[PDB]
Structures are given as C-alpha cells and as structure tokens.
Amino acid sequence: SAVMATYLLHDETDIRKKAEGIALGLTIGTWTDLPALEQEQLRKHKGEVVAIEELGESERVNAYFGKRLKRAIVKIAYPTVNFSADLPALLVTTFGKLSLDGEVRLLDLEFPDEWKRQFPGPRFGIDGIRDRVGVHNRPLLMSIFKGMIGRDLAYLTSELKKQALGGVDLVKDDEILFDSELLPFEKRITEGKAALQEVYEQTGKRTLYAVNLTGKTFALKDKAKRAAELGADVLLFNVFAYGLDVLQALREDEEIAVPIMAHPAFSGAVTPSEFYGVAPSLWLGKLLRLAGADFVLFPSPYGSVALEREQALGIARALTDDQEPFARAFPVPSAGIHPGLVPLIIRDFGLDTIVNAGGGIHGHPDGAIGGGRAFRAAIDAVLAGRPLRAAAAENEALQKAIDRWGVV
C-alpha cells in the first residue's frame, strides 16, 4: 500500500540518482547502514522509484536556464504506513521538502482504493446538485453578483431577484465579498432566501444562492452550521486561501451538510509554472473532489483569464471520472463567459457542466434579466442543434447578446 506520486524533473545532474535519493531520503533516510533486524523492521517504510520516463532536452528550456537540463517524468511510491490519513500529511510527504529541491513539479498522485476510502468525496455531487436545483436535462446556469462591495442588503436583494428572474439556476457571491456591518453573513442568507422565495412564487422556479463562507478558520464550522440552520443553499469557499483539510472538515461535519462550491482564488500561485508547483488536474481536480467539493470553478480555455484546453479538460475529467470512489463534482469553467461561448462550452465539457458568468449577465443591454434569458436561450439552442443566430430570430435577449459579444 503506497501513494504513487508522479513528478516532472529538470536537472543538469543524473535524474535517476536524484529520484533514488528522494525515495530513500524522504522515507527511511538511509538503508545500507542499517543492522539486520532494523532493515526487516523498516522495509515496509522504504520508498521506491517506480519508473523514470526520459523526455530528452529542450532547447527552449536550456536557453532559458542557460544550462543543459535533462528532463524526465519520475514516479515514486511512498508507503501509506509512513503518514497519517490526512491531506496535510499527504502534501508534506509527497511535496514538502521536495518542493524546495530545484526544478520539481508534482503532476499526479495515485492512491490504493483502501486509502481513498478514508476520505469523503463530495456530499452531493452532480446528481445531488441537480436534484436540489431541479434541473436534469441541460447544463446548469450560474450568475455572479457584481459590484456588491460597499452596497447594502436592499441592493443585494434587488440584484439577487433580477438575476433569478433571468432564469439562472444559481447565483453566487463574488469571492471577494467579505462580511461587513452592511452585509452580515447570516443576513445575506436570510434576506437572500426570502427574496428568492418571492421570485419562486412568481415563476415556480427557485434559484439557489451560494454564499461566501469567509473569516478565520476556527470560526468556519460554527457559521457554516448556522448557515444550514438558516436555510442557505450553497457555501462558496476560497479553499486555497485556507487548506484542503479545511474543505474536508466542512464536508465531514454532519451538522453542516450544505453543498460546497470551491473557488480557484490563489490556486494560480501554484499551478502555472512549467518547472514548479502542482498540476491543475491534481490541485483543482483530483484533490478538491476527494476533499469534498460539490462544484469546482476553474479558468476556462476561452477568456483572457484562462487555462490551456487540455489542462481544463484534465480538471473536468478528474472531477467526473466515475471510476473514483467519490461522487462526481460539477466542473465550472469560468472567466469571461458570454452566450456566444455556450456552444463551445457544451462541446468541450458536455451536459454535466455549469455555464457561469458575471459580466456576461450584468453587462447585457437589458441587465441581469436580459443576460440570464440570453444564456438560457443559448443553452436550449445548443441542445436543440440550432445555431445561436437562428435561435436569436425568436429571442430578443439572445439577439442583443450576440450583437454585443458575438458567436464563437
């Protein structure tokens, strides 16, 4: 039983030597200087290099570093009996001191099934979320509150109702919206709930509200429990500013049991480099799903703020792979999304994804209501196999959206 870590290494020195040094140094330390009884005692704790795939040198990389760097994908096995069954221990064991060892980038982690079972996965997942939103035959649609910093509850409820009237399935606080005297956490929840209930009585559709869960770590469970009691729909959480273990703690608390939406804020401090950090499929995908996120937002491959296509697809794959012993998490490609991108979003991510937009909603000529209607029309058109311009002939909101941002 061992967790196998896969790394990308760049080095001017022997990579196999370094890999072997890591496997031994980061597990039992030394081996050949150990007495007979001690070797049989520590054998189960000895790390091992599982494989080394040589990639050959890159002129571009060499030029950048001004040196000749050998490249390779290295796989190392760390016995699970070497650490406690928790994410902080996993990270320290597989990329603690090693993260400081020059050019080393963590690409993936693979675990025995028995080990994975010590973790929760999403509480609701795609199926649970669809049941709660009441939408099963199409991708979901979400809008983001914009310009709320410094505004009051009257403004919040007004803005919340407009987005809901646009037909969005969910509305989330912007991740930079923190608790204040004007907008207290509990008041956002209770007043938002009432406002959405009024819209529900007018349309028959109840839009869900993902409220930002912020503040100090040791106060999170208490307010999350209050959120559950007050009837909050979803908890938005900037997990990377805390720790993966905190997300897991929120997921495992039976007194919370509210869907959790993980935001990518600060994940960019770890994922972009070619030589360092942790790959996004693992950092935003595999680990967040395992830790308990029901939704995971990540930069789409389309906007100004984006991810390479295969990187984004890799995250979605990790979130939905049904071979994992966890519920599937909702992939939410984000940033700069507008109606004209709906055809591509569905083509790339399928039906089990969420169309998420802030400016794409509020920037519509007719406000949030028009913005939401344009998106709903675009989604229906794609599912029906109709070009957006054809569908726009029968939907003014979509026409205005297409005229403003175009079709991709």
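Residues carry their position along the shown sequence, with the first being 1.
Of the two segments, 176-184 and 83-91, the one listed with the higher mean B-factor is 176-184 (C-alpha atoms only). Looking at 157-165 and 276-284 together, the entry lists the larger mean B-factor for 157-165, computed on C-alpha atoms. Listed residues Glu308, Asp321, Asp127, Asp108 were ranked by CA B-factor as deposited; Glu308 comes out on top.
Of the residues listed, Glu201, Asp101, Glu191, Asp294, the entry assigns the biggest Cα temperature factor to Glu201. Among all modelled residues in its chain, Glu229 ranks in the highest third by Cα B-factor. Among all modelled residues in its chain, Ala401 ranks in the highest third by Cα B-factor. When the modelled residues of the chain are ordered by C-alpha B-factor, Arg376 sits in the lowest third. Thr271: CA B factor in the lowest third of modelled residues in this chain (values from the PDB entry).
Looking at the C-alpha B-factors along this chain, the one for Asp131 belongs to the middle third.
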